[PDB]
Amino acid sequence: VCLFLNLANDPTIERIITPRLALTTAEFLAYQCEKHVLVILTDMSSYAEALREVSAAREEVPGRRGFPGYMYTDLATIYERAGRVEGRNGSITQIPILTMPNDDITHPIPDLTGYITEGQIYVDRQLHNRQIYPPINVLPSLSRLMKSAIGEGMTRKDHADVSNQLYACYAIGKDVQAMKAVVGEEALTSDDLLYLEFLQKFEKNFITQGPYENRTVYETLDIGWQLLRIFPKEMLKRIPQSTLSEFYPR
Amino acid sequence: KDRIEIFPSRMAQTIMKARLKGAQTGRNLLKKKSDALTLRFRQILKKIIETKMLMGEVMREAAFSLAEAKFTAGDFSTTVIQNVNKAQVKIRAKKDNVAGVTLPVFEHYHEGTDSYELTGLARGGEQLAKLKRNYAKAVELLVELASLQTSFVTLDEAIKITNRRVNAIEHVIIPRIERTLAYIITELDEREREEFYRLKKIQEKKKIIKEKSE
Amino acid sequence: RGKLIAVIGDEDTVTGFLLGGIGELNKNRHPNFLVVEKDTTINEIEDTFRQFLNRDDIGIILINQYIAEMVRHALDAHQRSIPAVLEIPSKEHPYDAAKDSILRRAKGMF
Amino acid sequence: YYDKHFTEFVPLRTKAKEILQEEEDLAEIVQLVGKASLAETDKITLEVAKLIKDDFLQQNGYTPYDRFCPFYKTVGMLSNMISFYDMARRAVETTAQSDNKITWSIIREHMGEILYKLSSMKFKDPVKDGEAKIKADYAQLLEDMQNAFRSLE
Amino acid sequence: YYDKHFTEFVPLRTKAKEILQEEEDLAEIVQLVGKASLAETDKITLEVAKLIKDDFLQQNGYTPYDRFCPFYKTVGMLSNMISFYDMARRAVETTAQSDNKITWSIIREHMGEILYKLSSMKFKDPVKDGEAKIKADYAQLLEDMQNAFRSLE
């Protein structure tokens, strides 16, 4: 790990170069030394605030919601210094982390960021108040590149199938839970109860992890199957029969 | 009317967005209530259609059986009508918690008090016994029949009331919230512009003052 | 215990049900039924129907279809749930179908 | 600190947060459906959460009893209210799908004086009354609740 | 001024405002309910309020009869509209608890000619028909209404 700390009481201009130094290092390590670098930029919202201060120092007229008119290209300047390059075995990835002012995803900071990034993780509040860690809500999250990240030769054959089925099962379980609140437990059928059981055990076993348990991709998929084997084969509509026959039993 | 008439502000944006989310959630939860009531209604519709038809056929058999009892006994109806004191069958009220709405249903209750023993006319006891059984069946069907009908009427009112509320959210309340929110957003951008104008002129006036000093 | 079933109908209809074990006298010696003969008038049927609606111990009332036609205004005028009223075919009148409350409530049924 | 001195606070804190959040979600639907359909556990959450909101999270800071509530007392109050929650939840879920089904209404009628005592805990008045006694008094409430459910089950 | 020259104007002005405000208070909820929960006294407000809105508050300024509305005519025709309101509201208030309630549908069919005449009251052409004819016409309609209620109630 190469760690850069720019403190809240440190010079606000230094906060602007900090992510530039982090990426400058990442580019050296990744592309010149043939290795894969994960770059984590924490509290880009604090960067954006420092950037607005620099704009004021230049006596520039503020743009939308007080931010510089060039905030778009400035964020792209940082964000896009990543990815793979031809002829070299290194790479840079990024996980920018952004605080949503007033918890409004419409705010220019998460809006201008998301508009030029590929999907989102999206951490919720309800999951936190329910004392679930990590508090990540899988329904509003998206990784547009997951289709290329996973599959035979990269993770496991069934990766894509387990993900798609779990997503549908969780979304349905939430839908059944909403129904339960209206009609009661006795008004539910057997399939609805399976989706309710999945929802409760999915969050408790699959999503809830703890900060010191490291679950590799293969254990994560195996845990997924433990949740999927709640259902009989006929209800797992999004998993091809070939995948079920190999992985479903046992 | 067209808007909730909340003065444009960032505070209004937060309230309207939360209000919109609430209205949308209520719409979906009430829609689920309606769907649950509709399924039971439709299942109850089929049950009532099966019952009413059967009731006809059962009365056809009971009426014939009565004629048979009459053939043997002669005029037993007079004794039965005059000599009445206690019932063997009574009906208990039960509640059917079909959803948030609770519907009244009747339930057959076989209280057990013995019926009149009649062998006085031609001793036609076997025909009277078959006749009792034929009507006993009719009584149980009719109880179910009413019970289904009462729960059904209460549910049909429940469906129309729930659907009317859902329709109002969709056609009256949300459109109005969305118009209010769009109004707020537009007016706030208008305020941003006039602030931009003033700040730009301030920057230009400062540059003009600086030129004069040179 | 809870509720009794009252019957307003012809001689055979009432007799059959009474043998069916349904129907009894109240503590005031009133009967929860009426036998409707050719000499029975409209006021007697209507007043009886109303009183059954005014009794808290009755509820389901069983009436012959031809009778419901005679005092039809009273059966549509009162819309509640205690007085669930079922209309049945008499020994000679044919099977009911038309003017049935349920067939009217539901526009998807025969 | 909490695990060193108390060992009980951290897990009580976790459960307290779960109950308050569960109540908000149940409140959203109850305002819509009027409690027409609730699980027995859901009814307990709503009523214990009201116990918490009114008799734990609410205090008159101008009274001798609530001018300052010492931490040992704050955790004492929460410990008993959650202990009630777990015992009430166990009783209704343990006897569920059986003959002698226990519900909250049955619990309130069986051990109603327990809720009276729980709602009165804010009044033990520290400094006027002693620390050792207040802790002993809260222990008595826990013992009474435990015996109340034993006789109910 | 009004007390010196008219007297009747002020209580009529107040009643008219109360009717219009009550109608607005109802319209807000009626749009959502569908006119299902309305009492007979409320339907009278809603329909008389319509009477006021369509015939009293609006006028076509490019006609020989609405080009000018002398004040005495405005208060004259308002008196009749309010007098109808009071007679219709009393008619139901004194009968709703009896063995025959005068609902809107009964008064509407019995007095349908009055409701049309009330709407025609604007078409008086003060230039062709002077004060004497307008007052006599308005007075006659008031008597006609009063007689209709006597035969109705």
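Scroll up to find the structure.
Colleague: It is not clear to me how helix α2 (residues 42-53) of chain C should be interpreted in this structure. Could you clarify?
Modeller: One turn of the α-helix equals 3.6 residues, which is why residues spaced by three or four share an orientation. Residues and elements named next belong to chain C. Between its first and last C-alpha atoms α2 spans 17 Å; for twelve residues at 1.5 Å apiece the expected length is 16 Å, and the two agree. Along α2, the positions that sit buried rather than exposed are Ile 45, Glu 46, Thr 48, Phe 49, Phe 52 and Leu 53. For α2, the angular spread of the buried residues around the axis is 160°, confining them to a single face. Of the surrounding secondary structure, the elements contacted by the buried residues of α2 are β1 (5-9), β2 (33-35), β3 (60-64), α3 (65-70), α4 (72-77) and β4 (85-88).

Colleague: Hey, could you run me through the nonpolar core in this one?
Modeller: Soluble, globular proteins show a tendency: their nonpolar side chains are buried together. Core analysis: the largest hydrophobic core is formed by 46 residues, its most contacted members being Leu166(A), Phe198(A), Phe202(A), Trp225(A), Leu228(A) and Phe231(A). Contributing elements (two or more residues each) for this core: α7 (159-183), α8 (190-207), α9 (217-228) and α10 (241-247) of chain A, α1 (10-73) and α3 (125-212) of chain B together with α2 (9-33) of chain D. Per-element tally for this core: the top contributor is α7(A), with eight residues.

Colleague: How do you make sense of the sheet that holds strand β3 (residues 91-94) of chain A when you look at a structure like this?
Modeller: Pairing between the strands of a sheet comes from backbone hydrogen bonds, and it takes one of two forms, parallel or antiparallel. All names here are of chain A. Reading across from one edge, β1-β3-β2 is the order of the three strands in this open sheet, with mixed pairing throughout. Looking along the sheet, the strands with just one partner apiece sit at the ends: β1 (36-39) and β2 (83-84). Here four bridges tie β1 to β3, and the two strands are oriented parallel to one another. Its bridge partner being in β3, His 36 is matched across the sheet by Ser 91. Lying over the sheet, helix α1 (residues 14-32) contacts β1, β2 and β3, oriented at roughly 145° with respect to β3.

Colleague: Even after reading the chapter, I still don't get the packing of aromatic side chains, so can you show me in this structure?
Modeller: Ring pairs (aromatic) are described by centroid distance and by the angle formed between their planes. In total, this model carries 23 aromatic pairs over all chains according to the counting rule given. Look at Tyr170(A) and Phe202(A): their rings are 5.1 Å apart centre to centre, the planes differ by 45°, and that puts the pair in the tilted class. Here the residue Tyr170(A) occupies a position in helix α7, and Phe202(A) occupies one in helix α8, the gap between them amounting to 32 residues. Each member of the pair, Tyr170(A) as well as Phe202(A), is classed as buried. Measuring from ring centre to ring centre gives 5.4 Å for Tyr1(D) and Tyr2(D), while their planes differ by 70°; the resulting arrangement is edge-to-face. On the accessibility criterion, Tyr1(D) (63% relative accessible area) is exposed. An aromatic cluster of three or more residues is present, and its members are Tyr170(A), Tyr195(A), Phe198(A), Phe202(A), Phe206(A) and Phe231(A). Here the basic side chain of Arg52(A) rests over the ring of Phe67(A), its NZ or CZ set 5.1 Å away from the ring centre.

Colleague: Is there a simple way to explain the side chain of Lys180(A) in this structure?
Modeller: Here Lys180(A) lies in helix α7. Of the residues examined, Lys180(A) reaches a relative accessible area of 16% and is grouped as buried. Aside from chain neighbours lying at most four places away, what touches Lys180(A) is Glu185(A), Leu188(A), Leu196(A) and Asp42(D).

Colleague: Would you take a moment to explain the packing of helix α6 (residues 112-120) of chain E against helix α7 (residues 131-152) of chain E for this structure?
Modeller: Two quantities define a packed helix pair, namely the angle between the axes and the distance from one axis to the other. Residue and element names in this part refer to chain E. Two numbers describe how α6 lies on α7: the axes approach to 10 Å, and their chain directions differ by 160°. Classified by the interaxial angle, the pair formed by α6 and α7 is roughly antiparallel. The handedness of the crossing between α6 and α7 comes out as left-handed. Only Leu 141, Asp 144 and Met 145 of α7 make contact with α6, whose side of the interface consists of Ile 114, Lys 117 and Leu 118. Grouping the constituent residues of the contact of α6 with α7 by class yields four nonpolar, no polar and two charged.

Colleague: Explain the environment of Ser151(B) here, please?
Modeller: All names here are of chain B. Along the chain, the position of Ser 151 falls in helix α3. Spatially, the C-alpha atoms of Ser 151 and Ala 36 are 14 Å apart, while their sequence positions differ by 115 residues. Excluding its chain neighbours within four sequence positions, the residues that come into contact with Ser 151 are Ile 44, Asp 96, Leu 103, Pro 104 and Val 105.

Colleague: I tried to follow the arrangement of the chains on my own but got confused; where do I start?
Modeller: Comparison of the five pairs of chains in contact shows the highest number of contacts for chains B and C. Without any contact between them, chain A and chain C keep their closest C-alpha atoms 23 Å apart. A minimum C-alpha distance of 16 Å separates chain D and chain E, which share no contact.

Colleague: Would you mind going over the interface of chain C and chain B with me for this structure?
Modeller: Frequently, the measure chosen for interface size is the accessible area removed from exposure when the parts meet. Taken together, the contacts link 39 residues of chain C with 37 residues of chain B. Mapped onto the side of chain C that touches chain B, the elements with two or more residues apiece are α1 (11-19), β2, β3, β4 and α5 (101-105) of chain C. For the side of chain C that touches chain B, the element with the highest residue contribution is α1(C), accounting for eight residues. Residues that form the side of chain C that touches chain B fall into these classes: 22 nonpolar, eight polar and nine charged.

Colleague: When you look at a nonpolar patch on the surface in this model, what are you seeing that I'm missing?
Modeller: Residues and elements named next belong to chain A. Together, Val 1, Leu 3, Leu 5 and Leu 7 make up an exposed nonpolar region whose accessible area comes to about 530 Å². Take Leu 5: it is sitting in the segment before α1. Look at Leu 5 and you get exposed, because its relative accessible area is 63%.

Colleague: What is the right way to read the interface of chain D and chain A from this model?
Modeller: Taken together, the contact pairs ten residues of chain D with ten residues of chain A. For the pair chain D and chain A, the summed buried surface comes to about 820 Å²; carbon and sulfur atoms form 50% of the total. A per-residue breakdown of the area chain D buries against chain A is headed by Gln21(D), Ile29(D) and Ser37(D), which together make up 46% of the total. On the surface where chain D and chain A come into contact, there are one salt bridge. One salt bridge in this structure joins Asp42(D) and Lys180(A), with 4.0 Å as the shortest N-O distance. There are two residue pairs in polar contact connecting chain D and chain A. Considering each element in turn, the side of chain D that touches chain A owes the most residues, seven residues, to α2(D). Each residue belonging to the side of chain D that touches chain A can be placed in one class, and the counts come to three nonpolar, three polar and four charged.

About the cut-offs
- Residues numbered from 1 in each chain as written, not as in the entry; some residues may be left out.
- Chains lettered and ligands numbered in written order.
- Part of a larger assembly, values for the part shown.
- Heavy atoms only, no water.
- Residues with missing side-chain atoms left out of burial classes, pairs and counts.
- Helix = DSSP H or I, 4+ residues; strand = E, 2+ residues; numbered from the N terminus.
- Expected span 1.5 Å × (residues − 1).
- Buried < 20%, exposed > 50% of the residue type's maximum accessible area, 1.4 Å probe, protein only.
- Arc of directions from axis to C-beta.
- Contact = heavy atoms within 4.5 Å.
- Core = buried A, V, L, I, M, F, W, Y, C linked by side-chain atoms within 4.5 Å.
- Pairing = 2+ DSSP bridges.
- Axes fitted to C-alpha atoms, helices over the stretch in contact; angles between N-to-C directions.
- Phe/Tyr/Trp six-rings, centres within 6.5 Å; stacked < 30°, edge-to-face > 60°.
- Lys NZ or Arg CZ within 6 Å of the ring centre and 35° of its normal.
- Parallel < 35°, antiparallel > 145°, perpendicular 65-115°, else oblique.
- Left-handed = near helix turned anticlockwise from the far one by under 90°.
- Nonpolar A, V, L, I, M, F, W, Y, C, P; charged D, E, K, R; others polar.
- Patch = residues over 30% accessible without salt bridge, like charges linked within 9 Å, V, L, I, M, F, W, Y side chains within 5 Å.
- Areas by Shrake-Rupley, 256 points an atom, 1.4 Å probe, with all protein chains shown as cover.
- Salt bridge = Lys/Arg side-chain N within 4 Å of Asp/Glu carboxyl O.
- Buried area = accessible area lost by both parts, 1.4 Å probe.
- Polar contact = N/O pair within 3.5 Å; in protein donor to acceptor, adjacent residues only side chain to side chain.

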